[PDB]
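# Overview (structure and organization)
Read off the chains here:
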Amino acid sequence: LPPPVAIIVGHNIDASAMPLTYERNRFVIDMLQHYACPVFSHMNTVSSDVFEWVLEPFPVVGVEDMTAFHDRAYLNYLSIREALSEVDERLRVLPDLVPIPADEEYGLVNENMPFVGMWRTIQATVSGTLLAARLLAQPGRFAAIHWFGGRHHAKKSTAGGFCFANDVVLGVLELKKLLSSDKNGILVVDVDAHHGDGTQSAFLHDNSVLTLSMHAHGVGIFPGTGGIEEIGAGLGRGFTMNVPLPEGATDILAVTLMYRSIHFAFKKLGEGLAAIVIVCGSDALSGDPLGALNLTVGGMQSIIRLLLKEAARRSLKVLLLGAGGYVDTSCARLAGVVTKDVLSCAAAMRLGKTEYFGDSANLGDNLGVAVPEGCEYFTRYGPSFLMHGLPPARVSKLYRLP
Ligand SMILES: Cn1cc(CNCC2CCN(c3ncc(C(=O)NO)cn3)CC2)c2ccccc21
Ligand SMILES: [K+]
Ligand SMILES: [K+]
Ligand SMILES: [Zn+2]
């Protein structure tokens, strides 16, 4: 049997890096190596019974690996768009291309402007998430972790919210087709600060994939959808869930409501639940410039521990993806603690334990967990260098619903 956790990294961690968050993958991997992995192992020279640090081999993906969800014409356009105009010169890495009229049909405008390397970035993202799903489906595999995925806004034939191809959807479809067609129900829990509208759209009529999105909601809050009334259509009625939070919501609101929503989702799927897909965006954390919430690291950690605890107890499968997150240190902090929770969870399972998080600090009550001094980016975690440290709140904190 393989190690129960697969961590999908690759040889080039910048391959999937997006223009606005170009260094973020580096912060995240740095924190995994120094915070999450050491206690579970003895970086290509690491030995572990708990996790596998996956650098090879990433599948080569093209248009035909994305047509399971996306329109072929849209994908063909993405595949050749960088040949269709010049770099706009009127000095950021991966710079924007000159816009052309054919971009408009597909939403490849504004935040979704084409840029050099776009198709290579899309390929690396989809490749990693498809590899994660394939390794997860293997016997003995508890979890697969691809922090570089999570492009949850992309729709069948349109880009949106910095997302071109929806690897969340493609990963759901790939994992489902490799699970026993007796028991292959999927729960997708999206705790990025914005509505998971692309994933929702893909499964709106579907009663075998339950999409649950927590997000800020209100005037001026992208993408403007995801009210409580969106519950799905047709056979999918009841299998779409949204928890729209008021701008600035804190843990007491988000954690409480999500605990209730997750438990209801567990009841809705019952014994057909085979896997939980987690879309973990750190832009819901306080201090984020583009998210509009005030969750803490321990708050997000606690929501996800509920999902980990359930999949561990019932011997299910967990696919963990990233998403948004526009403070690099906050992204790495959250990825470090969530990954360590998954590792501690998987190790406890193999030892037949019933406590799953004994080897990973709960930041909700351990308020002194240090950022490891060995981190390459250690000096960026000031002024206090603790794993729960967040920037000051950008929007005022809300503890009660209006
Ligand atoms: C469709 N639509 C377009 C706008 C105007 N654009 C503003 C946004 C703000 C900035 N932006 C954006 N995208 C993705 C993320 C993310 O993390 N998604 O998980 C965050 N931020 C795109 C543009 C807008 C504002 C409110 C509601 C809907 C609206
Ligand atoms: K969300
Ligand atoms: K659904
Ligand atoms: Zn987001």
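The present account deals with the structure reproduced in this document.

### As for the overall build of the protein
A tally of helices and strands in the protein yields eight helices and eight strands. Over its C-alpha atoms the protein spans a radius of gyration of 20 Å, differing by no more than 12% from the 21 Å that the globule rule assigns to 402 residues. If one aligns the C-alpha atoms of the protein with their principal axes, the spans along those axes are about 60 × 50 × 50 Å. The proportion of buried residues among the 402 residues of the protein is 59%. Carbon and sulfur atoms provide 54% of the accessible area of the protein, an area that totals close to 16300 Å². Of the charged side chains in the protein, 32 are positive and 40 negative; the average position of the first set lies 7 Å away from that of the second.

### Remarks on the coordination of the potassium ion (ligand 2)
Distances from the potassium ion (ligand 2) to its protein donors, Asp190 (O), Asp190 (OD), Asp192 (O), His194 (O), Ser213 (OG) and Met214 (O), fall within 2.6 to 2.9 Å. For the potassium ion (ligand 2), the six donor atoms in the first shell make angles of 67 to 172 degrees at the metal, so the coordination geometry reads as irregular. Donor residues binding the potassium ion (ligand 2) come from one chain and are separated in sequence as D-x1-D-x1-H-x18-S-M. Across this residue pair, the class does not change: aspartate 190 and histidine 194 are buried.

### Regarding helix α7 (residues 297-313)
With 17 residues, α7 extends 24 Å between its outermost C-alpha atoms, agreeing within 8% with the 24 Å of an ideal straight helix rising 1.5 Å per residue. When you tally the buried positions in α7, you get 14 out of 17 residues, the bulk of the element. Downstream of α7 by one or two residues, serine 315 has phi in the positive range, about 55 degrees.

### Re the nonpolar core
It is characteristic of soluble globular proteins that their nonpolar side chains tend to be buried jointly. By size, the foremost hydrophobic cluster in this structure holds 86 residues, and its most contacted members are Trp147, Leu187 and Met214. The leading source of residues in this core is helix α8 (residues 328-350), at twelve residues. With residues near it in sequence (within four places) discarded, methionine 214 still touches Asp190, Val191, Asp192, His194, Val243, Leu245, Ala254, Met258, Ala284, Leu293, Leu295 and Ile303. Listed in part, the 50 residues of the second largest apolar core include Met18, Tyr77, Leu170 and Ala275.

### Describing unusual backbone geometry
Of the consecutive residues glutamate 56 and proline 57, the connecting peptide bond is found in the cis state with omega at -10 degrees. Its location among the elements puts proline 57 in the loop between β2 (51-54) and α2 (72-80). Positioned with a positive phi, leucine 94 is a non-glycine residue whose angle comes to about 45 degrees. One can find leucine 94 in the loop between α2 and α3 (118-136). On the basis of relative accessible area, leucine 94 is assigned to the buried category, the value being 15%.

### Here's the deal with the site of ligand 1
Taken together, the neighbourhood of ligand 1 is formed by 16 residues, with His152, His153, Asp192, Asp283 and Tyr326 sitting nearest. Contact between ligand 1 and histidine 153: a nitrogen atom at 2.6 Å from a side-chain N or O atom of the residue. One nitrogen or oxygen atom from the side chain of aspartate 283 is found 2.9 Å from an oxygen atom belonging to ligand 1. Across the complex, the protein chains shield 64% of the 620 Å² of accessible surface that ligand 1 would expose by itself. A class-by-class count of the residues in the shell around ligand 1 yields six nonpolar, seven polar and three charged.

### Examining helix α6 (residues 251-269)
Compared with the 27 Å implied by 1.5 Å per residue over 19 residues, the 26 Å span of α6 between its first and last C-alpha is a close match. Listed in full, the buried residues belonging to α6 are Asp251, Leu253, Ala254, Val255, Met258, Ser261, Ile262, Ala265, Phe266 and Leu269. Residues of α6 that are buried sit in contact with β4 (185-190), β5 (209-216), β6 (240-245), β7 (273-279) and α7. Directly after α6, the chain includes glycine 270, whose backbone phi takes a positive value near 55 degrees.

### Remarks on the side chain of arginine 314
Tracing the chain through its elements places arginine 314 in the loop between α7 and β8 (317-321). When neighbours within four sequence positions are excluded, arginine 314 is seen to be in contact with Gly270, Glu271 and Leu273.

### Section: the packing of α2 against α3
Direction vectors running N to C along α2 and α3 enclose 120 degrees, while the axes themselves pass 7 Å from each other. For the element pair α2 / α3, the angle class is oblique. Within the contact between the two elements, α2 uses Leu75, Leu78 and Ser79 and α3 uses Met118, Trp119 and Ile122. Of the residues belonging to the contact of α2 with α3, the class tally is five nonpolar, one polar and no charged.

### Describing the pattern of salt bridges
Inspection of every chain in the model, using the stated rule, returns twelve salt bridges. A salt bridge links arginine 72 to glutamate 64; the nearest nitrogen and oxygen atoms lie 2.8 Å apart. Judged by its relative accessible area of 42%, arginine 72 is partly exposed. The closest approach of N and O atoms between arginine 81 and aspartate 103, which form a salt bridge, is 2.7 Å. Taken as a pair, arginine 81 and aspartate 103 share a single burial class, namely buried. Through salt bridges with shared partners, one network takes in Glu271, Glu310, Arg313 and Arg314.

### Description of the sheet that holds β6
Taken in spatial order, the eight strands line up as β2-β1-β3-β8-β7-β4-β5-β6 in an open sheet, and their pairing is parallel. Among the strands making up the open sheet, the edge pair consists of β2 and β6. For this sheet, the mean angle separating the axes of adjacent strands, direction not counted, is 15 degrees. In the sheet, strand β1 (residues 5-8) pairs with strand β3 (residues 143-146) via three bridges, with the strands oriented parallel. Residue pairing in the sheet places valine 5 in a bridge with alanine 143 of β3. The strands that α7 touches are β4, β5, β7 and β8; relative to β7, the one it contacts most, it runs at about 160 degrees.

Conventions and cut-offs
- Residues numbered from 1 in each chain as written, not as in the entry; some residues may be left out.
- Chains lettered and ligands numbered in written order.
- Heavy atoms only, no water.
- Helix = DSSP H or I, 4+ residues; strand = E, 2+ residues; numbered from the N terminus.
- Rg over C-alpha atoms; globule rule 2.2 N^0.38 Å.
- Buried < 20%, exposed > 50% of the residue type's maximum accessible area, 1.4 Å probe, protein only.
- Areas by Shrake-Rupley, 256 points an atom, 1.4 Å probe, with all protein chains shown as cover.
- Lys, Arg positive; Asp, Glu negative; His and termini not counted.
- Charge placed at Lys NZ, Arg CZ, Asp CG, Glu CD.
- Donors = N, O, S within 2.8 Å, 3.2 Å for Na, K, Ca; no water.
- Tetrahedral: all angles 85-135°; square planar, octahedral: opposite > 155°, others 65-115°.
- Expected span 1.5 Å × (residues − 1).
- Core = buried A, V, L, I, M, F, W, Y, C linked by side-chain atoms within 4.5 Å.
- Contact = heavy atoms within 4.5 Å.
- Near = heavy atom within 4 Å.
- Polar contact = N/O pair within 3.5 Å; in protein donor to acceptor, adjacent residues only side chain to side chain.
- Nonpolar A, V, L, I, M, F, W, Y, C, P; charged D, E, K, R; others polar.
- Axes fitted to C-alpha atoms, helices over the stretch in contact; angles between N-to-C directions.
- Parallel < 35°, antiparallel > 145°, perpendicular 65-115°, else oblique.
- Salt bridge = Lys/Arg side-chain N within 4 Å of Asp/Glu carboxyl O.
- Pairing = 2+ DSSP bridges.

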